[PDB]
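Below, in structure tokens: the form deposited in one PDB entry, a single chain.
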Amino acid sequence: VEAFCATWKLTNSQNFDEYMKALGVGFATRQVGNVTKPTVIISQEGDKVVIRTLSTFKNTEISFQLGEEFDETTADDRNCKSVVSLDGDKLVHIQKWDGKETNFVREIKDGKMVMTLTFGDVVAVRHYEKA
């Protein structure tokens, strides 16, 4: 877990338009996700992992132990049953709602968190660097 504890700013976005349209967004979130950079501050605060996802329109946060299932009202407009865990040096956020699933595979490539967001076959590759 210690290589993920940082301020993470999005530097190169593969597919940040069709992933939002496939997931089921309100159209103002599709306008916001094309224009705005998210600052993802992954932080162990006391004991549990608090991720703060902060941009200049949408600002949301998630507090978890590894394995915690929690309902999460997202920037899409959906409450998802969310399970977060490390698989093999890769942080996987599994969001479950209405029969549908997406998982965000966060992996450290030489100091850089590569977030691979799979909605099945709709895959976005978002390249986060430290500040």
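Residues carry their position along the shown sequence, with the first being 1.
Absent from the display: the form deposited with a small molecule bound. The rest refers to it.
Tell me, yes or no, whether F4 is in contact with the small molecule in the deposited complex, where a contact means a heavy atom of each within 4.5 Å. Residue-level check for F4: no, no contact with the small molecule.
Is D76 close enough to touch the small molecule in the deposited complex, meaning at least one heavy atom pair within 4.5 Å? So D76 counts as contacting the small molecule.
Would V40 count as touching the small molecule in the deposited complex under a 4.5 Å heavy atom rule? Yes, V40 lies within 4.5 Å of the small molecule in the deposited complex.
Using heavy atoms and a 4.5 Å limit, would one call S85 a contact residue for the small molecule in the deposited complex? Outside the cut-off, so no.
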